[PDB]
């Protein structure tokens, strides 16, 4: 429905015509922050005891080594992007990892210069996408030429980049840093619009995380034709969790035949119509 992802936000800058040392960086897992680089103490640190109490130094050592390498390359591309130039200059790289359900993966790398995109790389196919802008094409052409020669891009060491956060993504999911935020949905079935030989039944799942959920009514066991029911967007219900519902109209007296089948986070549950 929505896959697992590992995102990093890297940034280098220069405030007076001199690229500042180090860099800035953020790591988010499935939408949530877990890493934050300390430019001064030169360490990758957790963004909470949550990440602090689950991840060990082995992880922070690795992320610190990796990100630092990242920072050198970025600072080097920036030096090049200006020729001397002066004043403010900024270069950010958003890199993302994705694992879907079919186990197919995705991976991208986006580069912004002074607040504007100018290059995107699909790490799974290695094709790049430059915005159809003049200034953005000049940039892309320079930065890419510069990468192939005196090569701090190097081959498909990019294909390794993809396998790298992917391995980390899998590792972090395994460590559980993301599963602790799991909240099984509160189920609640309601009978409404009681009327002319009819009565509506509504299955409401609320206060649950993550967002991926499946809900459907069943007549004696079979899923109702996708139409004969009405679903609601998966709206943010409350305080970080989500909510949604499905409904369908039935004939008064045959409540026993209907059940609401739900699936959330690998957990399948069955809910009957109220008495």
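Positions refer to the first chain, counted from 1.
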query	finding
Segment of higher mean CA temperature factor, 102-110 or 67-75	102-110
Higher-B stretch (mean Cα B-factor, as the entry records it), 261-269 or 14-22	14-22
Per the PDB entry, maximal CA B factor within 32, 230, 214, 243	230
Residue with highest C-alpha B-factor in the PDB entry, from 60, 50, 208, 37	50
Residue 181, C-alpha B-factor rank within chain (lowest, middle or highest third)	middle
Third assignment of residue 226 from its chain's C-alpha B-factors	highest
Cα B factor band for residue 95 (lowest, middle or highest third within the chain)	lowest
Entry-reported Cα temperature factor of residue 143, expressed as the chain third it lands in	middle
Chain-relative CA temperature factor third for residue 168	lowest
